[PDB]
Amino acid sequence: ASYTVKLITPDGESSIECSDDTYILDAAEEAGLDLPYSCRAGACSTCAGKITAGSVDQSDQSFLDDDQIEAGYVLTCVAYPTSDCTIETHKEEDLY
């Protein structure tokens, strides 16, 4: 399955295709976007984004708390799309 991922960045929106077995950060990088990351392992907030439509599988995430997850926050470095989705990027600074 190929999903359309609309990335809402501080500098503009860009829609990319992302396979069901590709992490959203990896898809973004292949498409030529420059999204933030550090550990690439689900254990920080550098790569945080926020889902505003659709769904992901981020079962390997181990930084976000349940309230953050229920608000739509996602660790892009470990999140596979499970539908077409819309994700706001560069959201680390919105976390508290």
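The numbering used is simple: start at 1 and walk along the sequence shown.
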| property | result |
| --- | --- |
| Stretch with the higher entry mean CA B-factor, where the candidates are 34 to 42 and 63 to 71 | 34 to 42 |
| Between the two ranges 47 to 55 and 25 to 33, the one averaging a larger CA B factor in the entry | 25 to 33 |
| CA B-factor ranking of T89, expressed as a third of its chain | lowest |
| Assigned third (lowest, middle, highest) for the C-alpha B factor of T76 | lowest |
